[PDB]
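Quick heads-up: the structure tokens below are two forms of one chain, split into structure 1 and structure 2.
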Structure 1
């Protein structure tokens, strides 16, 4: 818990959402920070619970590809103070910067696989791995954020189940509510598709049950324009229907690493 008097805030908001507001600021520990400010004095219990849960996960994680938490500030509203990733959500960035080269997209998504490989070996499932939850420190350095749905796996266990982002969820999540690192790997495939699609939403114009039927038939989203075949192959591997034949992040990270070194 942090001292509101050591925190200063820029007036203009970086962005907004259903939870409230994100602002740039500075905190004396002076670090440049991104501050998630809950709307309406955090009257909404689901907003407080999410802030508490994502803060409790972040406190346990330490990895260069995961956003670091500074702390919580209970002031005029509840505030989650994190290290600033200046450029913001990856999907919004690619929508506004169509010039980013395919090699650059591989570098970024590979870094996300490194943060997810770290999460995998830490026994955490993210359960909300989408391009909007990747934040850019620079155009060549991405970090994973938004741990509000993240869970630590139990030693005797798949996590068995608020928000339900069905277009990123694997078949065993939809049908059995079972979440694993392999479930995150499927979401990572969707995220790769978003990135090579420069921030297009997946399964545009489809309802939840329409996506589920589509996947059960073995159909998948198509290859984004300009996406190299090896990357589209990797997306299809992440979209392996069966949980045991789906690769883990150790394998996914290794394939992205090896492929990047070949591009340059």
Structure 2
């Protein structure tokens, strides 16, 4: 779990920043190879990182950004796999000629990763296009496990109490109203992610306040079909946005719907 500071080199390339601190590009020397890595650099911040680290350690799947380990130096450091092409929302913004089949491919990969997380009884709680990272144009991984929670053995939801930065436009009604987060809450977020992807990285609920989204959703209103989005994918989107948790699909069924449609488009 713990890494060697002598084997780690930090570059000048800042990849991103948040409240926690920054993420920087780095290099970690292995047995024979040197591995390009992304490094999260930071009492409250340290305990969150150690929690994030323990969450990430349990997780092993091709469609998630894996943790290499942790390092304590000038600051606490979380060393993770590098996804060079960056966040999906920004990529699609800068690459408008990306094909419909390609978007389906990428969102299907996210659903496989989320299917695994669901199976593992972890809730992501920050599932958005900005947090899905591209290794290649045809290979996406889920990242940013800062708000993620391992579910208790006897519970299918996590109940929050005190809170700060919450991405409301991605949050299900049960999250906003009851502070309750399940894998079905991530499915709602997945629907918004799908909308983002087929909108080529446009922000959801443009120009709207959190409260204005809530009123919209209580009217039974949902975001419309993005231009060029296939009807089968918009229908899956809306099903993800089922108000009632009990009737909202799980990720297994979502992944299956995406898997089936992708192969149908592959045969064209």
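Take the two forms, find the largest set of C-alpha atoms that superpose within 1.5 Å, and that set is the rigid core. Positions refer to the first chain, counted from 1.
Just one of the listed positions, 87, 174, 72, 114, moves its Cα by at least 2 Å between structure 1 and structure 2 when the rigid core is held fixed, and it is 72. Residue 255 is not among the residues whose C-alpha shifts by 2 Å or more between structure 1 and structure 2 once the rigid core is aligned; its shift stays under 2 Å. Core-superposed comparison between structure 1 and structure 2: CA of residue 21 displaced by 2 Å or more. Core-aligned CA deviation for residue 51 between structure 1 and structure 2: 2 Å or greater. Comparison between structure 1 and structure 2 places the CA of residue 136 0.1 angstrom away from its other position, after core fitting. Comparing between structure 1 and structure 2 on a rigid core frame, one finds that residue 60 has its C-alpha moved by 1.3 Å. After superposing on the rigid core, the C-alpha of residue 9 is displaced by 3.2 Å between structure 1 and structure 2.
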